[PDB]
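Student: Numbering (PDB author numbering), first residue to last: 1 to 29.
A virtual CB, placed ideally from N, CA and C, is assigned to each residue, including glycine.
Take a look at the following structure, please.
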Amino acid sequence: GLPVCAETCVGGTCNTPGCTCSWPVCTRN
């Protein structure tokens, strides 16, 4: 839930381990 991945996911997917796409921002928990 935290936007601490230094990654956006406009296309729907995050590449940082442990991060998932809370569209359009990658989040960790």
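Assign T16 to one of three DSSP states: helix, strand, or coil.
Tutor: coil
Student: Out of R28, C19, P3 and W23, which has the shortest C-alpha to C-alpha gap to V10?
Tutor: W23
Student: Are the beta-carbon atoms of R28 and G12 separated by less than 7 Å?
Tutor: no
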